[PDB]
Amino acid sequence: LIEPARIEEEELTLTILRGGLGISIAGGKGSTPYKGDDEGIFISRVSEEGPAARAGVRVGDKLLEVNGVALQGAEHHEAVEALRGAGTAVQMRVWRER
């Protein structure tokens, strides 16, 4: 008896179609961190069966990129303005760990 094959970490490109997106982001450079000392932007809440939950967004995902804007080592307002437009779709690369 043994542990199965499991994904330790990954980088996901996800497409979210939407009045809101269904996420709450937390953290950023200059804000109280979300996990450990990593000051990245993370997904802290996913609306139940919202457009982001249908996209596969998971709680704790780190925002690496939004609509081509690299949000690595970015400030909180930098990711909010990159996600507040969201006319109809947002494409974000995320870092998932376990």
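Residue indices: 1-based, along the sequence shown.
Classify the number of deposited-sequence residues missing from the model between residue 18 and residue 19: none, 1 to 3, 4 to 9, or 10 or more. The entry leaves 1 to 3 residues without coordinates here.
Of 33-41 and 55-63, the stretch whose C-alpha atoms average the higher B-factor in the entry: The entry gives the higher C-alpha B-factor average to 33-41.
Comparing 88-96 with 2-10, which has the greater mean CA B-factor as deposited? According to the entry, 2-10 carries the higher average C-alpha B-factor.
Lowest, middle or highest third - CA B-factor, residue 46: Tercile = highest for this residue's CA B-factor.
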